[PDB]
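Asks: What follows is upload.cif, mmCIF, C-alpha atoms and all ligand atoms.
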```
data_start
#
loop_
_atom_site.group_PDB
_atom_site.id
_atom_site.type_symbol
_atom_site.label_atom_id
_atom_site.label_comp_id
_atom_site.auth_asym_id
_atom_site.auth_seq_id
_atom_site.Cartn_x
_atom_site.Cartn_y
_atom_site.Cartn_z
ATOM 1 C CA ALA A 2 64.437 -27.368 -54.792
ATOM 2 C CA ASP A 3 64.943 -23.594 -55.112
ATOM 3 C CA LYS A 4 67.654 -22.559 -52.647
ATOM 4 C CA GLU A 5 65.776 -19.327 -51.917
ATOM 5 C CA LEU A 6 62.751 -21.310 -50.728
ATOM 6 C CA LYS A 7 61.634 -19.704 -47.441
ATOM 7 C CA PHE A 8 61.213 -22.041 -44.494
ATOM 8 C CA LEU A 9 59.450 -21.522 -41.188
ATOM 9 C CA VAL A 10 60.748 -23.761 -38.449
ATOM 10 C CA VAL A 11 58.288 -24.150 -35.567
ATOM 11 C CA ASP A 12 59.142 -25.668 -32.205
ATOM 12 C CA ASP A 13 58.789 -24.577 -28.601
ATOM 13 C CA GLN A 14 62.336 -25.808 -27.768
ATOM 14 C CA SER A 15 65.083 -23.533 -29.071
ATOM 15 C CA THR A 16 67.458 -26.513 -29.193
ATOM 16 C CA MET A 17 65.345 -28.259 -31.774
ATOM 17 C CA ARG A 18 64.841 -25.095 -33.865
ATOM 18 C CA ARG A 19 68.589 -24.679 -33.911
ATOM 19 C CA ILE A 20 69.083 -28.303 -35.048
ATOM 20 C CA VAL A 21 66.636 -27.870 -37.921
ATOM 21 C CA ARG A 22 67.948 -24.467 -38.994
ATOM 22 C CA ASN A 23 71.518 -25.754 -39.086
ATOM 23 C CA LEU A 24 70.459 -28.876 -41.083
ATOM 24 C CA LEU A 25 68.739 -26.651 -43.625
ATOM 25 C CA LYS A 26 71.806 -24.466 -43.936
ATOM 26 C CA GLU A 27 73.906 -27.572 -44.668
ATOM 27 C CA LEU A 28 71.343 -28.454 -47.368
ATOM 28 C CA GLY A 29 71.819 -25.021 -49.011
ATOM 29 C CA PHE A 30 68.683 -23.353 -47.545
ATOM 30 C CA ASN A 31 69.565 -20.029 -45.808
ATOM 31 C CA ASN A 32 66.168 -18.307 -46.004
ATOM 32 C CA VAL A 33 64.873 -19.657 -42.720
ATOM 33 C CA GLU A 34 62.773 -18.086 -39.974
ATOM 34 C CA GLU A 35 61.703 -19.491 -36.594
ATOM 35 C CA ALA A 36 58.535 -19.546 -34.515
ATOM 36 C CA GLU A 37 57.928 -20.784 -30.982
ATOM 37 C CA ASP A 38 54.333 -22.070 -31.304
ATOM 38 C CA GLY A 39 51.399 -22.195 -33.718
ATOM 39 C CA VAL A 40 50.209 -18.634 -32.948
ATOM 40 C CA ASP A 41 53.649 -17.162 -33.448
ATOM 41 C CA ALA A 42 53.871 -19.314 -36.633
ATOM 42 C CA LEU A 43 50.601 -18.021 -37.996
ATOM 43 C CA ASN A 44 51.731 -14.453 -37.394
ATOM 44 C CA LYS A 45 54.909 -15.042 -39.392
ATOM 45 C CA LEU A 46 52.977 -16.872 -42.194
ATOM 46 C CA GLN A 47 50.497 -14.002 -42.532
ATOM 47 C CA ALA A 48 53.428 -11.693 -43.285
ATOM 48 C CA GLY A 49 53.774 -13.789 -46.525
ATOM 49 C CA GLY A 50 56.391 -15.399 -48.798
ATOM 50 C CA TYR A 51 56.803 -18.765 -47.038
ATOM 51 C CA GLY A 52 57.256 -21.910 -49.120
ATOM 52 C CA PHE A 53 57.694 -24.655 -46.506
ATOM 53 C CA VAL A 54 56.817 -25.298 -42.883
ATOM 54 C CA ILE A 55 58.579 -27.701 -40.515
ATOM 55 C CA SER A 56 56.637 -28.080 -37.265
ATOM 56 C CA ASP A 57 56.669 -29.645 -33.839
ATOM 57 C CA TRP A 58 53.443 -30.982 -32.315
ATOM 58 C CA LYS A 59 53.556 -30.421 -28.565
ATOM 59 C CA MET A 60 53.648 -26.605 -27.995
ATOM 60 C CA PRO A 61 51.751 -24.122 -25.855
ATOM 61 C CA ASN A 62 49.258 -21.530 -27.258
ATOM 62 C CA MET A 63 48.583 -23.583 -30.390
ATOM 63 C CA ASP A 64 49.908 -27.120 -30.906
ATOM 64 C CA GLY A 65 51.206 -28.313 -34.260
ATOM 65 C CA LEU A 66 48.205 -30.470 -35.173
ATOM 66 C CA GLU A 67 45.954 -27.345 -34.813
ATOM 67 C CA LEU A 68 48.542 -25.359 -36.779
ATOM 68 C CA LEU A 69 48.525 -27.943 -39.588
ATOM 69 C CA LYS A 70 44.709 -27.945 -39.670
ATOM 70 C CA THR A 71 44.560 -24.157 -39.652
ATOM 71 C CA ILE A 72 47.006 -23.956 -42.589
ATOM 72 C CA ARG A 73 45.125 -26.599 -44.591
ATOM 73 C CA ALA A 74 41.747 -24.898 -44.079
ATOM 74 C CA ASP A 75 42.957 -21.399 -45.036
ATOM 75 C CA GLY A 76 42.668 -20.488 -48.803
ATOM 76 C CA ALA A 77 45.826 -18.368 -48.682
ATOM 77 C CA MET A 78 47.996 -21.219 -47.480
ATOM 78 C CA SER A 79 46.175 -24.537 -47.895
ATOM 79 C CA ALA A 80 48.825 -26.070 -50.189
ATOM 80 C CA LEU A 81 51.809 -25.036 -48.087
ATOM 81 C CA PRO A 82 54.096 -27.985 -47.457
ATOM 82 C CA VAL A 83 54.053 -29.004 -43.759
ATOM 83 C CA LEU A 84 56.557 -31.505 -42.409
ATOM 84 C CA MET A 85 55.732 -32.679 -38.849
ATOM 85 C CA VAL A 86 58.821 -33.336 -36.672
ATOM 86 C CA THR A 87 57.825 -34.620 -33.261
ATOM 87 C CA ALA A 88 58.504 -36.982 -30.412
ATOM 88 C CA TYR A 89 54.967 -38.428 -30.779
ATOM 89 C CA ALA A 90 55.552 -41.878 -32.277
ATOM 90 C CA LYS A 91 52.245 -43.660 -31.756
ATOM 91 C CA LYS A 92 50.323 -44.748 -34.809
ATOM 92 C CA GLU A 93 47.234 -42.764 -33.767
ATOM 93 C CA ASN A 94 49.299 -39.554 -33.787
ATOM 94 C CA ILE A 95 50.735 -40.382 -37.187
ATOM 95 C CA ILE A 96 47.252 -41.129 -38.515
ATOM 96 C CA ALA A 97 45.777 -37.915 -37.077
ATOM 97 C CA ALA A 98 48.582 -35.817 -38.634
ATOM 98 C CA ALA A 99 48.416 -37.623 -41.964
ATOM 99 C CA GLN A 100 44.647 -37.297 -42.172
ATOM 100 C CA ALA A 101 44.885 -33.615 -41.274
ATOM 101 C CA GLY A 102 47.130 -33.168 -44.396
ATOM 102 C CA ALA A 103 50.703 -33.483 -43.196
ATOM 103 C CA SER A 104 53.147 -33.568 -46.130
ATOM 104 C CA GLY A 105 55.514 -35.852 -44.160
ATOM 105 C CA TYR A 106 56.204 -36.957 -40.549
ATOM 106 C CA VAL A 107 59.549 -37.454 -38.760
ATOM 107 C CA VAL A 108 59.872 -38.942 -35.311
ATOM 108 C CA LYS A 109 62.377 -37.409 -32.850
ATOM 109 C CA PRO A 110 65.109 -38.256 -32.273
ATOM 110 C CA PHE A 111 66.082 -38.190 -36.011
ATOM 111 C CA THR A 112 69.356 -38.206 -38.010
ATOM 112 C CA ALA A 113 70.492 -35.573 -40.494
ATOM 113 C CA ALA A 114 70.039 -38.189 -43.232
ATOM 114 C CA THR A 115 66.395 -38.828 -42.260
ATOM 115 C CA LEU A 116 65.502 -35.141 -42.399
ATOM 116 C CA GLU A 117 67.182 -34.710 -45.830
ATOM 117 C CA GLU A 118 65.407 -37.826 -47.162
ATOM 118 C CA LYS A 119 61.962 -36.763 -45.974
ATOM 119 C CA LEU A 120 62.385 -33.238 -47.291
ATOM 120 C CA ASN A 121 63.384 -34.650 -50.673
ATOM 121 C CA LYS A 122 60.421 -37.044 -50.685
ATOM 122 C CA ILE A 123 58.150 -34.002 -50.305
ATOM 123 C CA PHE A 124 60.009 -31.979 -52.978
ATOM 124 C CA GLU A 125 59.648 -34.872 -55.428
ATOM 125 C CA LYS A 126 55.922 -35.406 -54.521
ATOM 126 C CA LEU A 127 55.154 -31.723 -55.188
ATOM 127 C CA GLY A 128 57.367 -31.257 -58.248
ATOM 128 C CA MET A 129 59.583 -28.736 -56.411
HETATM 129 F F1 LIG B 201 57.140 -31.435 -28.836
HETATM 130 BE BE1 LIG B 201 57.203 -32.165 -30.164
HETATM 131 F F2 LIG B 201 55.813 -32.738 -30.612
HETATM 132 F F3 LIG B 201 58.399 -33.143 -30.273
HETATM 133 MN MN MN B 202 57.543 -29.343 -28.257
#
```
Starting from the file, lay out its structure as structure tokens.

Replies:
Amino acid sequence: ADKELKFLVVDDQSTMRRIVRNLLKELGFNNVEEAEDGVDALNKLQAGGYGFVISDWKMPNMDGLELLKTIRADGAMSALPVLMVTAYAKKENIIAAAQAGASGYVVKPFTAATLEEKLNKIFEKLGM
């Protein structure tokens, strides 16, 4: 993928945002911004130029499943890649996220190798 691709990393725990931002840097992606919940994320997205979203699920103000649905229903951003990264591991959560249009789903805790693999699977799927 394009190394200037602009990522938004969304999680209510700063620890996890830091993990994801550092992983992306190792992968050659330095154009990375953070948000603390779905509302904060939507505000950043509206400012424009984003090419990829990585999002938690459990967050105050707007949770990540609502964020994913909001993105998919909006004409300006409906095709935006969205990778879910969450501690929810039950099949019904995976199904609800997949059906709502998630590009990929990673269960926490995850390894560096798993994140890289799942990002690449999405790049290949979308011809990026
Ligand atoms: F809080 Be997340 F869904 F891991
Ligand atoms: Mn959370």

Asks: Where does the PyMOL selection byres (((chain A and resi 78) around 12) and not hetatm) land in this file, that is, which residues does it pick, as a list in words?

Replies: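 Applied to this file, the PyMOL selection byres (((chain A and resi 78) around 12) and not hetatm) selects residues 43, 46, 47, 48, 49, 50, 51, 52, 53, 54, 68, 69, 70, 71, 72, 73, 74, 75, 76, 77, 79, 80, 81, 82 and 83 of chain A.
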
Asks: Within 12 Å of ligand MN 202 (chain B) (counting all atoms listed in the file), which residues show up? I'd like them as a list in words.

Replies: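 Protein and nucleic-acid residues within 12 Å of ligand MN 202 (chain B): residues 11, 12, 13, 14, 15, 16, 17, 18, 36, 37, 38, 39, 56, 57, 58, 59, 60, 61, 62, 63, 64, 65, 66, 85, 86, 87, 88, 89 and 109 of chain A.
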
Asks: Have a look at atom CA of residue 108 of chain A and atom CA of residue 90 of chain A and let me know their distance in Å, one decimal.

Replies: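 A separation of 6.0 Å between them.
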
Asks: Around all of ligand LIG 201 (chain B)'s listed atoms, make the axis-aligned box with 5 Å on each side and tell me centre and edge lengths in Å to one decimal, as lines of an AutoDock Vina configuration file.

Replies:
```
center_x = 57.1
center_y = -32.3
center_z = -29.7
size_x = 12.6
size_y = 11.7
size_z = 11.8
```

Asks: Could you state the separation of atom CA of residue 121 of chain A and atom CA of residue 107 of chain A in Å, given to one decimal place?

Replies: 12.8 Å

Asks: Please compute the atom CA of residue 25 of chain A-atom CA of residue 112 of chain A distance, one decimal, in Å.

Replies: 12.9 Å
